[PDB]
Structure formats: structure tokens, C-alpha cells
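Q: Take this structure, written in C-alpha cells, and hold onto it; I'll ask about it next.
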Amino acid sequence: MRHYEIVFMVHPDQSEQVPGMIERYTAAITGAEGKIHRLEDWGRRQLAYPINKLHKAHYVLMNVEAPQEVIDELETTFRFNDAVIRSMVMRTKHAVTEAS
Amino acid sequence: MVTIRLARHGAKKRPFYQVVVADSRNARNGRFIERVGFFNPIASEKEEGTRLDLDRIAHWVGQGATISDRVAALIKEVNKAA
Amino acid sequence: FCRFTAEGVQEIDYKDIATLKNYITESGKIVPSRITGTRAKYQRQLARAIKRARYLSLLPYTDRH
Amino acid sequence: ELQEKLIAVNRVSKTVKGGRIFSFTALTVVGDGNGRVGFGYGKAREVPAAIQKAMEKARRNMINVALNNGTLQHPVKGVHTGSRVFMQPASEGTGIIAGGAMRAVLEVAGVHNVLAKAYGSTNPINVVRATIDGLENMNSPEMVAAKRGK
Amino acid sequence: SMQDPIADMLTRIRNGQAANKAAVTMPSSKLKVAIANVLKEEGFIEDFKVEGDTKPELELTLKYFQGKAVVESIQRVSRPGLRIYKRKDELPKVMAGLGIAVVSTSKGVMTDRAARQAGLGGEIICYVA
Amino acid sequence: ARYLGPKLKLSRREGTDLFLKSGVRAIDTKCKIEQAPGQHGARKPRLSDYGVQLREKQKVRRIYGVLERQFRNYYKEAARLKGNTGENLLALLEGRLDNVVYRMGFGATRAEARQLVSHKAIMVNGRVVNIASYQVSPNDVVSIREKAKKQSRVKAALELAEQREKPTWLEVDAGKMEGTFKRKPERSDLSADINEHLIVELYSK
Amino acid sequence: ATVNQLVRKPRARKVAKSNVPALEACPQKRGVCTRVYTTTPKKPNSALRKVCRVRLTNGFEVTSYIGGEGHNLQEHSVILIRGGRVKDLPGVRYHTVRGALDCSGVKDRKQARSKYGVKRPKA
Amino acid sequence: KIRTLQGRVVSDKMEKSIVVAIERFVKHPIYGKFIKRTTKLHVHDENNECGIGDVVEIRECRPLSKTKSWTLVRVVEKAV
RNA sequence: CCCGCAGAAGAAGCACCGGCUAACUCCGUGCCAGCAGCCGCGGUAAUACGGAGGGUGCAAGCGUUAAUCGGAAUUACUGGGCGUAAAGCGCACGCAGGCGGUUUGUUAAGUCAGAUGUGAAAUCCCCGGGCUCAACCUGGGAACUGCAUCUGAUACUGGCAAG
């Protein structure tokens, strides 16, 4: 029941499938009695540097108030999944729902 | 004669026989009572080129509406499943 | 002077990118506080935020990628 | 940086003992690109000097306009002298449409999508600042909340 | 032959808010006190009051924020010369909804905002912005 | 129904690269590109607003090899389509089959692409297509037929297409003469200098 | 402009009829020439302009400017009237069609070849 | 109930029959005013009870002469 | 429709280039000859006439004329004005007609909400499908802004009664 901040990239070739992953993450967190504080998709923004060749990955933001274990299963999903690259998770002090 | 017959609504060399409840004394493509289905002799592989409306055409033929030879062949063709 | 002692900012948000474009020189290096006049309270959490944004590749490590 | 653009240059004249003396008049508009515009009208005996006086006057008596992100906040009509102006906010998928005289003063403002039509007199000198009227009293919901209470 | 008390009183608002007077007065009727209450609710008039019994008068007082008047564009729409009647969904949004249109609907009088969420139109009175 | 005249006149009028040549020679060496063609090319333009809008339209039409009636129909379709009509026009323009052949580099120029399409030489989803203006849907496999396969034309085309920017919305297979139109491109990919809003204004008048 | 006045009588706009009664608005007519004239123009211009007075098969009789460098039209010839109004000459509102029917095209013309009825030379 | 309609009787001297003003208060299509427009309806009755100064309720019936396609069923306010 | 033969071999014109409006120089002519949609060009140094070169715009089409809408808010319902630009009858009464102070009660015509029937199909729009694509053909939906009926609301107007 602590506040976390997730940003994850998607390989550009699976851009059409990303809201399904988003819904599946929200379904899992609501089943684990977590909630969503902000969800917004950034499109395919241009990278500063190519990673595993490529450019213009699909950026996704999320703010989650959650127990730790379901998030831990979530990073294991990010590691196992190849359609996701370059994930990053974060602690924040309180819940946040702002712009940018 | 209230009947059910065919109207070539397609183009030159590409027919589309809209099968319609029409009075027989009218023109083939003009006045009618009401559309019931369509046939396509030049249809693609995905079998959507033929459709009817079974209970409505049953209502007309129970009302006394005759049918033509081609639509008789097509009701024999759709049968119930194939 | 320090821009962040104005505006009452609680913490520098790493997803705020245009401000970091102003505080990162064209090489990609973090500027010293001795030039900007930023308070060291906010310089530390600032440079952390560039290191976060760099991980997301919103900011380049260098101009030779 | 404030996006100087010429609108129309005209030749006017004065009659004296010697005859006619012609003088050049230039109209221009400046503004950064977000809620900041100012028009200038300047005359000189030569064209480049005329634009120089006009734009130097334009970098003066600027006026502020309350916008949305890229558009107007409500329909407004702008009436000055003989010119009449009508303008609407437009969708983000729309470009900005107006007369050539209005395109400069709207483009330097930072709107990208305005439905704008000129009625009647369409001289540039009155059509601009017929546009500054209307933009001078564009109104925001927060400001009318300050007016009323909600 | 004064033939529109509502137009008369709306012009009392216009003249008072032009000459920056604190109060305006006019004779009284139920349509006037209703639209006065609507202006009260939407914050264009901060006090209205009904006095008298043999000849009832209405006194309204006026709002000024930075010296300039608060209401800036008030216009009667549906006139004795021409009547305007509007159904539920074609009700307008004054100044893209920033201003208001006051309307006399079948269940009473309210603004366009209240009428459109209650799902009924009617004899539209005037625009205020 | 195609220009079939001198291309560097067009490039020399536009002042920039219109990508109408293979690229094996420097453009400045091939033509003296800095001024317009003809006797009076060296003078100042002082070009009008209608002039610059016209020049941008002429530029995009001469890049994509499209005539006015077709490109007008492209505008009508783009304005018909939802979204930003300005990049909708470019999205329709990038769906052309000869444009696809050039973007995968099966032709040294888009004129080679057009000739190769017209000469019954591209197999698309197992169907050969003679139509140069054929609109390509996403997830489409295009291929070169067994005829004209391993021809010096397409070999040199690939070997001079390796030096390009390798577009992200296509998958290339240079050993099998196969390609995949995976997505329609976006405006951010394409040359960064097409001023589509000028075409929008010129046709809105 | 009051609504009751407009209910009593609606808005009435004049038709502002056509500049040419070439009749039934036909793009061309054919006619028999009454007489070739050579006429002086309006004040700012000076010329000896070649005009024809022609009797239409409709029945109307009007003037038609004879365009181009020279012409070989004589009496009773049948020509094609087109339209288009000439501002130097008051009273004429029409043009002939060169190269059509009895009217010959302009001799040895190279540019603007179509509008003066000349065949394309060998090149 | 049956399709019925109401109106002012204008004629009086009409033999076992009557003509009625049918006012309709309709909006103008262009200039928007609700204008008083009336029509005359040529109506049947037995032994000629009603007269001028009356409002009557009529129904469309089968033709009895030309235009004669209404019958009155009810009479109200039979006074000046 | 699919395959094979031969070789670039059998296939490019039209209008325009003074401003409006993208494209300019030379020669001939010299208020002549002529152009011209409006402004206007031409009377011996014409980017406007004619020819050439060059350029521009379209393209198996290209121009002119013809016709209708728009731009024209230039008949202005949306959306115009009447001191001097065109416009207040010379001035009054005055029937019809348009509008009308203020409350109560009634009615529900106008008005407004809902429901039903209907507004042929085709056409337009949108999501699909097929002709190598397109035009074209075509499924479904949406619309058809209408009319009529019936049930309700009575704030305002209209009607009535009482002040």
C-alpha cells in the first residue's frame, strides 16, 4: 500500500497491442486491490539514443498505489516479455495525478 | 401478379441481381413493393454473394406471391443450410 | 540566481523535460551550480532527475550516439 | 523573436507649390506567439525606413489576449470604423483561415485555428485593430469567475 | 406606449452599468423577479428587492470588479415584434457556453445550463455575457 | 499521364533535392542547382504568398510524380478522412505502389519504380499489380516476380538503396526481393520540410 | 427592414440580366453578314477597328468584332457569333469565330493558334 | 375519440349547411413570425341550428357536395 | 485473363508569362496593325500587339464562349441601411392589420417533453466487401432536418372570466 510510478517503453512494431497490456495491468492491480492514479500514453516519441538499434519507442506512464508483491510480479512480467523494453519503476511519497 | 423476381442493379458485364417483391406488370428495375434479397453470379470466394429473407418470402408465397425460375433455383440452392 | 527557490517547487519532476534542456549543455553534461546560481538543495535532486531522464533516453548521454 | 510581419505598404501623396510629394506608408504587426500582439503604422519618405518606423512603433503598445492552448475562447465580432470582423475557435485538425490582412495579426498571436471572415470595408489599416478589438476583450472562465463568483 | 417591460428593464441594466450607478429601479412583475433571481444565481446582480404593494417597484444593485461593470453584453432575443421558440437540443450556448441564454421553459424559468440538463427547451428570453 | 521530361529542370526550379535521380553522382556536379532554369533563373524571386504556396504544391507533386487531377483527388480524400488533413495527404501519397518500390529501394529512382510496376513485375500478396497508384494497406507483403529477378537494375537499385535512411515503416528482405508494408508512415518520419499546411491553404482558397 | 414589412413584401433582387442576347444563351449562333464596317473607338484609344453587322438565323441583327490580323469576309457570308464584349467600341458585344464555316483563320499565326482557327504547321 | 377540430362560424344564411373559419397560428417559414392564418371549411349540419357568433366542433365526413366534407357534432357558446 | 516472339521500337499537344495571377528577354510595328475578364496597353527603346528564345500552368486533353451558385453582408430571416453618399411620404386623423401595463383563476391554440405511424427505393455521409487500382458496383448503418397522431407541462404568449 505504497505509491509507485511506472514508465515503460514498447517496441514500435507492437504499438497496436499496447492498450491490451494497459488493461491487463489495470485488471491485475484492481484484482490485487490496487488503484490507478494516472494513466497516460505518450505515443511513439523519438529516442535520444538508439537502444537495440531502433528509434521512436512507445512510452507509457502509470501511477499505482499498490502492495509490493503484485508490482514485483509486474517487473517479472516486464523482464519475461520481449515486446516491452527499458522499463523503470519508482517510489513516490504520495499519490500524484498531474499533467506532463 | 404479386411476385418475386430479379432486377439487374449491377454494371455492364458485372451483374447484381437484386431479388425483389414486385408486381409482375411493372418494369424489371422500376416500381416494386419491397426488396427481399440479392444474388451475385460474379461473387468472390467468401460466400456473401447470395442472401435472402426466408420468413418474409414465406409470408409472400403464403399470401399468394409467385416466384420466378431463377429465384426458385436459388431457394433450392440456399435450401436450409446448403 | 536560483529559479527553483522561486515557484515553490516541492521537487523537480524528471518528466518535465524543457527545463532540463535549459540546464543541460549541448554536450549532454550537467552544468555546475556555480553558473546557474541554483541552490544546492535543488541541484542534487535536479541532477538525479537528469540521470533518470537519461535512463528513459529523454536526454542524451552525449551528442555522439 | 516576436515574429515581425509586414501586411501592406501604400504610397500616399501631398500637394505643394512644387507639385506632388509622395510618401511611403508601411503597416506591420509583431508578437511573440502566445497572447502578445501589437500593430504598427509608420510613414517615411522611403520604403525601408517606413518599415523601420512601423516595426519600432510595433515594439511598443503591445496588448495581451487570453487564449486557450491554440485558439480563441468564444466567438467574437470586432467592429472598427467601417470594417467588421467575425471570428470563431476551430478544431485542432483545422488550419487558420482569414483574409491576408487578418492572417498576419492572428498568426503572430499563436492561434493556429480560427474561422475568420471580414465584412464590409477591407482596408488593411482598419482591418488590423478591427482584429485587435475583440482580441482585447477575449474573456476567460476564470476571469468571469472573478467577476461573478463561480 | 411602453410595450415591453422586460426590454425596458434590460436597458435599465445597460444604462446603469454604463453610467456606473450603484442601483437601478423599475416597476415589478413576476417575470422580472424571476429573471432577477436567475441573475442573482448566476452572479450578474448581487441584490434585487421587491417593495410596495399598491404599486410594486423593483430595485436592483450592480456589480463592478475593477471599476468596469461585470455584465458586458446583454441583448433581448425574443421580441413582441418576433417570437423565438427553441426545442430541447437546439438551445444555444452563449459565447461557447461562457455566457448564458435565459429561457422561459414549460416547467419554469432557468438558464440554458439548467434547462439542457433538465432536458427541456422553451421561449428563450435573452443572452447575457 | 506522366511528365517524362527533364527532371533536373524541376529540381533546379525547386532549389532542393526532389530525389529524381539515383544518387551515383553529386547533384551539384550534374546540374548547377542554385538558381532556376532558363535564361532568367539567376534573378531574385521576391515571390508572393500564392507563389510560395504554389511552389510547395509543385514540389510535393514533382517529388511523388503525380498530376494535378490525381493530386486534387488526393486532397479530396484527405479532407474526407478524419484527423489532420495535411498529413493525411502525405499518408495517401506514401501509400502508392511505386512509392513503396522506391522506399524499399527496388528502383534507383521512382521513375524506375513506376516502370517496374507498369511492366507487370511486382507480386503483391500473391497477386501481380499493374497499377502504379495502387494504395498499399498495412501488413502487405510485396515481392519481385521471378522474371526480372537478379537483374542488374534491381541489384544496383539495392546497392544504392543501402545508403539511404532505411524507413521504419517497412521491413526489407534484399536476398529474397521481399518487403512488408507494416504501418502507414507518420509525418515525423518524412523529410521534416514538406509544408503541407501551405497546400491546405492553397486548396482551401 | 422590419419583419412585418418583409412579411407584407419579401426581399426583391433584380435579375441583372445577361450582357448578350445571343438568344436562348446559346454558346454560338450562325448568321449572315449585313455589312462590314470599320469604326473608330472610344476616347482613350484610337484605331480603325474591323466590325461586322450580321443577321442571325435566329432573326436578330447585331455587331460582331472581326478578330485577328486581317480577314477575307465579304458580303452575305455566314459566320459564327460567339460573344465577348469589346470596350473600345460601344455597341458591339460579340466576337466572330475565326476559321469556322465561311470565316477563314488568321494567316501565318504561330502563338495563340487555337483561338484564331489555324491548323498546326509541320514541326 | 375521433379526429375532430374546432372553429368560428362566419356565415349565417346557408341552407342546412355552414362555412367555418379555421384559424391556424403558424410560424412563418422564413421571417419567423407566428401569423394568424385562417381557412374556410364548408360544413354540414341538420335543420340549421348554428349561426354567426359561434364556435363549433367538426369532423371530416364523406362528401355531400363539392368541398362539403365536414359535419358538426357539438355547438358551444351560442351567444353574442 | 495467362503465357511466348521482336525492338524504343507504334503513341504530346493546348493555354498563358503588366498588375490582379505563376512565369521575361530580343527583334518587327509605331494612336497603325492589334490585344483586352477589370484596371488599361500601342503615337520609333511595348516584359500587355505579332514573331522567336526561355519560362510557367494543365495534360489526351487544353483554351474561348455559354449557362447557375458563390465570393455579394450587392434584397442583408440568419445578416444591410434612410441628416450630408440612394433613402423619413408635406402634415395630421383614421378602418383593417401588427404589437401592448399588472395580478388571480380557467383553457391548452401557439410553445415544449415523451411515444407511435410515416418520411419509397435510389442519391449524400460513415463503417465494410469486389472488380490488378480507381471510376464503377455493392452489404449494413446513419440520415431523410418533414408531416400526422396520441399522451403529458402551463413558465410565457394567445383565449376567456374577475379585478
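Cβ: placed from backbone, ideal geometry, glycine included. Neighbour counts: every protein chain shown. Where a number appears in this text, it was derived from the coordinates with a stated rule and is not lab data.
Q: Of G:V7, G:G91, G:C33, which is farthest towards the positive pole of chain G's charge dipole, taken about the Cα centre with +1 and -1 on the beta-carbons of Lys, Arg and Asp, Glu respectively?
A: G:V7
Q: How far is it, in nm, from the label point at H:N48 to the one at F:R69 when both lie 7 Å from their Cα along the line to the Cβ?
A: 7.8
Q: If you don't mind, another one. Could you work out [θ]222 nm for chain D from helices alone, using -39500 (n - 2.57) per DSSP H run of at least four and dividing by all its residues? Round to the nearest 500 deg cm²/dmol. Write out the running numbers ahead of the final one.
A: Details: 5 runs with 39 residues, N = 150.
It lands at -7000 deg cm²/dmol.
Q: Here's something else I'd like to know. Across bins of 5 angstrom width beginning at 0, how are the C-alpha pair distances of the stretch H:3-79 distributed, in whole percent?
A: Answer for the stretch H:3-79: a P(r) of 3, 16, 26, 23, 13, 8, 6, 3, 1, 0 percent.
Q: Shape of chain B from its Cα gyration tensor (a ≥ b ≥ c, root eigenvalues): rounded if a/c is under 1.5, otherwise prolate when a/b > b/c, or oblate?
A: Details: a/c = 2.27, a/b = 1.18, b/c = 1.93.
Oblate.
Q: Continuing with this model, one more query. Given C-alpha coordinates of the stretch E:34-129, what is the ratio Rg to Rh with the Kirkwood estimate of Rh? Intermediate results must be reported in sequence, preceding the final value.
A: Numbers: Rg = 14.4 Å, Rh = 14.4 Å.
Reported Rg/Rh, Kirkwood definition of Rh: 1.00.
Q: Also, quick follow-up: Once the stretch D:3-63 is represented by equal point scatterers at the alpha-carbon sites, with solvent omitted, what log10 I(q)/I(0) does the Debye formula produce at q = 0.26 Å⁻¹?
A: -0.94
Q: At a Förster radius of 60 Å, what calculated FRET efficiency corresponds to the Cβ-Cβ distance of A:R24 and B:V61, to the nearest 0.05? Don't jump to the answer; show the numbers that get you there.
A: Details: r = 53 Å, r/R0 = 0.89.
FRET efficiency, A:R24 to B:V61: 0.65.
Q: What ranking do B:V2, F:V172 get, fewest neighbouring Cβ atoms within 10 angstrom at the top?
A: Least to most surrounded, the residues fall as B:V2, F:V172.
Q: Here's another thing I want to ask about it. If you bin every alpha carbon distance in the stretch D:4-134 into 10 Å steps from zero, what whole percent lands in each bin?
A: Using 10 Å bins, I get a P(r) of 13, 41, 30, 11, 4, 1 for the stretch D:4-134.
Q: Taking the simple approach of a point 7 Å from Cα along Cα-to-Cβ for both H:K66 and A:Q68, what is their distance in nm?
A: Computed distance between label sites H:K66 and A:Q68 equals 10.2 nm.
Q: If I build a Gaussian network model for chain F, linking alpha-carbon pairs within less than 10 angstrom, which residue out of F:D173, F:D98, F:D28 has the largest mean-square fluctuation?
A: F:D28
Q: Here's something else I'd like to know. If I fit a long axis through the Cα atoms of helix E:5-18 and take the longest principal axis of the Cα atoms of chain E, what angle between them do I get, 0 to 90°, rounded to 10?
A: Helix E:5-18 sits at roughly 60 degrees to that axis.
Q: How much space per residue, in cubic angstrom, does the convex hull of the C-alpha atoms of chain G take up?
A: 180
Q: Given contacts defined as C-alpha pairs under 8 Å and at least six residues apart, what's the relative contact order of the stretch F:23-172, whole-number percent?
A: Details: 125 pairs, mean separation 26.2, N = 150.
Relative contact order of the stretch F:23-172: 17 percent.
Q: Of the trypsin sites (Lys or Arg not before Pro) in the stretch C:17-52, which ones lie in a loop per DSSP and count no more than 15 other C-beta atoms within 10 Å?
A: C:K29, C:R39
Q: Continuing with this model, one more query. List the trypsin sites (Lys or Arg not before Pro) in the stretch A:25-59 that DSSP assigns to loop (not H, G, I, E or B) and whose Cβ has at most 14 other Cβ atoms within 10 Å. Which are they? Write down the numbers at each step before the final one.
A: Values: sites: A:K35, A:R38, A:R44, A:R45, A:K53, A:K56; in loops: A:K53, A:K56.
Answer by residue number: A:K53.
Q: Next question, about the same structure. Would you give the gap between the C-alpha center of the stretch F:121-199 and the C-alpha center of the stretch E:61-87, rounded to a whole Å?
A: One Cα centre to the other: 63 Å.
Q: Run lengths n ≥ 4 of DSSP H only: what is the helix-derived mean residue ellipticity at 222 nm for chain G, with -39500 (n - 2.57) per run over all residues, to the nearest 500?
A: -1000 deg cm²/dmol
Q: Given the DSSP H assignment, sum -39500 (n - 2.57) over each helix run of at least 4 residues in chain E and divide by its residue total; what's the result at 222 nm in deg cm²/dmol, nearest 500?
A: Result for chain E: -7500 deg cm²/dmol, rounded to the nearest 500.
Q: OK, next. Put +1 on the Cβ of each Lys and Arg and -1 on the Cβ of each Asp and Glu in the protein assembly as shown; which of F:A78, H:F34, E:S1 then has its Cα farthest toward the positive end of the dipole?
A: So the residue we want is F:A78.
Q: For D:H112 and F:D17, FRET efficiency with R0 = 35 Å and r from the beta-carbon atoms, rounded to 0.05? Intermediate values should be presented prior to the final figure.
A: On the way: r = 29 Å, r/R0 = 0.83.
Efficiency, rounded to the nearest 0.05: 0.75.
Q: With r defined as the distance between the Cβ atoms of H:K13 and E:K30 and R0 fixed at 60 Å, what FRET efficiency is calculated, to the nearest 0.05?
A: For H:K13 and E:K30, the calculated efficiency is 0.80.
Q: Going toward the positive end of the dipole of the protein assembly as shown, with +1 on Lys and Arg Cβ and -1 on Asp and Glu Cβ, which of F:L158, E:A18, F:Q53 do you reach last?
A: Farthest towards the positive pole: F:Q53.
Q: Based only on the alpha carbon positions, what is the Kirkwood hydrodynamic radius of chain F, in angstrom?
A: After inverting the pairwise mean of 1/r, the radius is 18.0 Å.
Q: May I ask you to list the GluC sites (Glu not before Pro) in the stretch A:67-100 that are in a DSSP loop and have at most 13 other Cβ atoms within 10 Å of their Cβ?
A: A:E98
Q: May I have the pair-distance distribution P(r) for chain A, computed from all Cα-Cα distances with 5 Å bins from 0 and rounded to whole percent?
A: Values per bin, smallest distances first: 3, 12, 24, 25, 19, 11, 5, 1.
Q: Something else about it: Between rounded, prolate and oblate, where does the protein assembly as shown land on the alpha carbon gyration tensor, with a ≥ b ≥ c its root eigenvalues, rounded for a/c under 1.5, else prolate if a/b exceeds b/c?
A: rounded
Q: Let me have the relative contact order for chain C, percent, based on Cα pairs under 8 Å that are six or more residues apart.
A: Working: 51 pairs, mean separation 27.7, N = 65.
It rounds to 43 percent for chain C.
Q: Under a Cβ-Cβ cut-off of 9 Å, what is the net charge of the residues other than F:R12 that fall near it, where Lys and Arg count +1 and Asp and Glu count -1?
A: Value of the local net charge: +1.
Q: Please quote Rg/Rh for the stretch F:119-165 to two decimal places, taking the Kirkwood radius as Rh and restricting both calculations to Cα atoms. It would help to have the intermediate numbers written out before the result.
A: Numbers: Rg = 12.1 Å, Rh = 12.1 Å.
So for the stretch F:119-165, dividing Rg by the Kirkwood Rh gives 1.00.
Q: In addition: Computed on alpha carbon atoms, what radius of gyration and Dmax characterise chain C, expressed in Å?
A: Answer for chain C, Rg first and Dmax second: 11.5, 36 Å.
Q: Ok, one more. Need one number: the % of Cα-Cα pairs in the stretch D:64-148 sitting beyond the 17 Å mark.
A: Every Cα pair in the stretch D:64-148 considered, those over 17 Å come to 42 percent.
Q: Additional query: In debye to the nearest 20, how big a dipole does the protein assembly as shown give about its Cα centre with +1 on each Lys and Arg Cβ and -1 on each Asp and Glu Cβ?
A: 5400
Q: Report relative contact order for chain D in percent, whole number only (criteria: Cα-Cα under 8 Å, sequence separation at least 6).
A: Computed over chain D, the figure is 22 percent.
Q: Once you put a point 7 Å from the Cα of G:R53 and another 7 Å from the Cα of H:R74, both along the Cβ direction, what distance in nm separates them?
A: 8.2
Q: Quote the charge dipole size of chain F about the Cα centre in Debye, to the nearest 20; the model charges only the Cβ of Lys and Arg (+1) and of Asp and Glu (-1). Before the final figure, lay out the partial values.
A: Details: 42 positive and 25 negative charges, 168 e Å.
That gives a dipole near 800 debye.
Q: Just how large is the dipole of the stretch F:1-41 about the Cα centre, in debye to the nearest 20, putting +1 at every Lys and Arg Cβ and -1 at every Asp and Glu Cβ?
A: Working: 9 positive and 4 negative charges, 43 e Å.
Value, rounded to 20: 200 debye.
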